[PDB]
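No Cβ is skipped: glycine too gets one built from the backbone with ideal geometry, and neighbour counts run over all protein chains shown. Any read-out appearing in this document is the output of simple, stated calculations on the displayed coordinates, not a laboratory observation.
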Ligand code: NA
């Protein structure tokens, strides 16, 4: 089997991407944030505290003939941005892009934090990291990918995120039309439950490539590229008037600037992030200070190849017995 679904930016900045997902019988379609940095499929629901719902589409398990309470199971998750959610668990049929899993754990939110409530466009998350991070207790549950894997034509999914445009998540196949050149594969450590890999280095603009190992995770659920402070300082030093602002919470730059590209290494291959991808717009409405898309990972305890980096590539998440990542230009 295979599946193919379009993923759509939630706003003009590509702050996140939503992908429609069918849950239940008859189908209830919710727009979920596919997150390769977490392992819970959770949704706004008929159980969510009413004051914490503001415009999201909810899953109502009592209207699904295939929903069953997973008795005694609870979940609770905290993300890197400080947001959180928790609740109880149903099993139900879940389809993505024509690919169906029966008996998927659908984590129904009873509580969500303010950042979820305030984002009307995201109806929940679909985690695609390793199932060892799933938060369901007392019986840990599998991700949608892990439950689909054995049925897929190939045990892979691919992320093809757009810059200010829709893109695609495919399950079970490589679309050889979706990228240029060849795919370079690189080793993954699953020890922290992430798609953790080691970049071979970087370049700023037209500058020389610096060969240096940068361990980090491929995380579709993180907007920005978070890298060591040395690397980030070297990038923003090429932008006149850029500075790190403790008041704003990262590097800012004059909105009048033209940003340089940023290149990262994948083995001997190179992925180029155009400068435009690094512009996250005014810090507040009407400001001439703009927020940067490359930020320091110092204090986060891991480097994160988020959407800024991943949307410059066609990315293969290879879930074979020994997982690997692949990157191609596109
Ligand atoms: Na922000």
| Say we join alpha carbon atoms closer than 10 Å with springs in a Gaussian network model of the chain; which of 146, 123, 33 then has the biggest fluctuation? | 146
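Given a Förster radius of 22 Å and the C-beta distance between residue 230 and residue 208 as r, what FRET efficiency does 1/(1 + (r/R0)^6) yield to the nearest 0.05?
Details: r = 15 Å, r/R0 = 0.70.
My answer for the efficiency is 0.90.
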| note | What helix-only [θ] at 222 nm does the chain give? Using -39500 (n - 2.57) per DSSP H run of at least 4, over all residues, to the nearest 500, the answer is -1500 deg cm²/dmol
| remark: Highest mean packing first, using Cβ neighbours within 10 angstrom, the peptides 251-261, 87-97 sort as 87-97, 251-261
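Ranked highest first by average number of other Cβ atoms within 10 Å, how do 301-311, 233-243 line up?
Result, highest mean first: 301-311, 233-243.
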| Cα-projected label distance for residue 69 with residue 15, points at 7 Å along beta-carbon direction, nm | 3.6 nm
| request: Round to a whole angstrom and tell me the spacing of the C-alpha centers of the range 1-72 and the range 169-194. | output: 24 Å
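Please state the relative contact order of the chain as a whole percent: Cα pairs under 8 Å, 6+ residues apart?
Details: 878 pairs, mean separation 61.3, N = 330.
Rounded, it is 19 percent for the chain.
Nearest 5 is fine: what % of DSSP beta bridges in the chain come out antiparallel, could you say? Don't skip to the answer; put the middle values down first.
Details: 78 of 90 bridges.
In the chain, approximately 85 percent of DSSP beta bridges are antiparallel ones.
When DSSP beta bridges are limited to those with both residues in the range 5-174, what percentage is antiparallel, rounded to the nearest 5?
Working: 38 of 44 bridges.
Beta bridges within the range 5-174, antiparallel portion: roughly 85 percent.
Considering Cα pairs under 8 angstrom that are at least six residues apart, work out the relative contact order of the range 5-174 and quote it in whole percent.
Values: 424 pairs, mean separation 48.0, N = 170.
Over the range 5-174, the number comes to 28 percent.
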| field | Projected label distance in nm at residue 62 and residue 178, using a 7 Å step from Cα toward the beta-carbon | value | 3.9 nm
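Let me have the relative contact order for the range 175-330, percent, based on Cα pairs under 8 Å that are six or more residues apart. Before the final figure, lay out each step's value.
Values: 346 pairs, mean separation 49.6, N = 156.
Once divided by the residue count of the range 175-330, the mean separation gives 32 percent.
Want the number for residue 111 to residue 8: 0.36 nm per residue separation, take away the alpha-carbon distance, what's left? Working shown, then result.
Details: separation 103, 0.36 × 103 = 37.08 nm, distance 2.57 nm.
Gain in length upon complete extension: 34.5 nm.
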| query | Using 7 Å Cα-to-Cβ label points, what is the residue 25/residue 298 separation (nm, one decimal)? | reply | 5.6 nm
